[PDB]
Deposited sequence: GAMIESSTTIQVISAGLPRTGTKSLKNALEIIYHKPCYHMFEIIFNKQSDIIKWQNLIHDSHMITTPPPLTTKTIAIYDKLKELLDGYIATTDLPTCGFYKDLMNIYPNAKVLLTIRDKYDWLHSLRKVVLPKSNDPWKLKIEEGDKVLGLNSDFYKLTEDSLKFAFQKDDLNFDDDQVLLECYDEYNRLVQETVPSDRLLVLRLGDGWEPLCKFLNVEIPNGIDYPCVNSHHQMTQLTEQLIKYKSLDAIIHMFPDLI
């Protein structure tokens, strides 16, 4: 097809929870739009200074009215954080999908989903290990190497609570997490008009996404398949071994 000049503003809002193919989608959207897409990896690797800003936003967000003046101050902060990006995925953004829809009325919405038990397994291996899991200690050691500490974990927890609309949450309780997952995904599909929503199951690939976005399928490029828990386990172990990201970054070309 013809090449057109795309606007550098949020065009795609992905409401999918972590461990549902968000990093592959981030990569896919960057392949399509040639501009950056937000993801937790953008925070970890490029903008750790954004952590406190996301924290402050989540703190003030109860004050959001489904526009009031308190709402506008928050919406302005959201726009500031996302300036220069063409899409959002992953925590901490995903819980804000409804607000992002108001801020970017011409953006389309995605929902990434998968088998709930596969999701929980993946989540426990990477994002939210049980407190008694020895692996949690390795994750914390690798996080230290990346310069992530208690503030990062607070952002992860608070943004999960915000997405699930819980004031507190037993993170070690599998049943609680699975119920929140199902209710979260159900609410997105109830909230977003079907014409503005595309639901993507893990493995769906380029075709329905490119159709929804009115773009050609990228020539000769496979749909990304990155960020498996096995790959993150390798990353964690290599970070612990070398004590730096930059010593090993070349060994993870598309993941980071």
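Peer 1: Could you give the ranges of the deposited sequence that carry no C-alpha coordinates?
Peer 2: Unmodelled stretch: 67-69 only.
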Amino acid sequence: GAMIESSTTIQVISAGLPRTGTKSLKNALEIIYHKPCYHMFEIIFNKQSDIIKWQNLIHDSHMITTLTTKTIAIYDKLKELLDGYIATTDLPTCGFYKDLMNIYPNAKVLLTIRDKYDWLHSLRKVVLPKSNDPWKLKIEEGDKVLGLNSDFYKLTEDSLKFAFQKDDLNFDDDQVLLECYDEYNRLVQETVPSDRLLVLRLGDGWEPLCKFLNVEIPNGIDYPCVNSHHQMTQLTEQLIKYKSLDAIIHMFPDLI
From here on, numbers count along this sequence of modelled residues.
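Peer 1: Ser228: absent from a third or more of the other PDB entries compared?
Peer 2: Modelled in all the others, so no.
Peer 1: Among the other entries that model both neighbours of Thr65, does it go unmodelled in a third or more?
Peer 2: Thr65: unmodelled in a third or more of the comparison entries.
Peer 1: What stretch has the higher average Cα B-factor here, 72-80 or 156-164?
Peer 2: Looking at the record's C-alpha B-factors, the answer is 72-80.
Peer 1: Test of understanding: from the entry's C-alpha B-factors, which stretch has the higher mean, 37-45 or 218-226?
Peer 2: For C-alpha atoms only, the mean B-factor is higher in 218-226.
Peer 1: By the entry's C-alpha temperature factors, tell me which of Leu209, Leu29, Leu67, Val188 sits highest.
Peer 2: Checking the PDB record, the top C-alpha B-factor among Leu209, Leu29, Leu67, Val188 is at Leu67.
Peer 1: Classify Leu100 as lowest, middle or highest third according to the C-alpha B-factor given in the PDB entry, relative to its own chain.
Peer 2: Answer is middle: the recorded C-alpha B-factor places it there.
Peer 1: Considering only modelled residues of the same chain, in which third does the CA B-factor of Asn170 rank: lowest, middle or highest?
Peer 2: Ranked within chain, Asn170 CA B lands in the middle tercile.
Peer 1: Looking at the C-alpha B-factor of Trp135, is it in the lowest, middle or highest third of its chain?
Peer 2: As the PDB entry reports it, the C-alpha B-factor of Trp135 lands in the highest third of its chain.
Peer 1: Select lowest, middle or highest to describe the third in which the CA B-factor of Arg201 falls within its chain in this entry.
Peer 2: Ranked within chain, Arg201 CA B lands in the lowest tercile.
Peer 1: Compared with the other modelled residues in the chain, in which third is the CA B-factor of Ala247?
Peer 2: For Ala247, the deposited C-alpha B-factor lands in the middle third.
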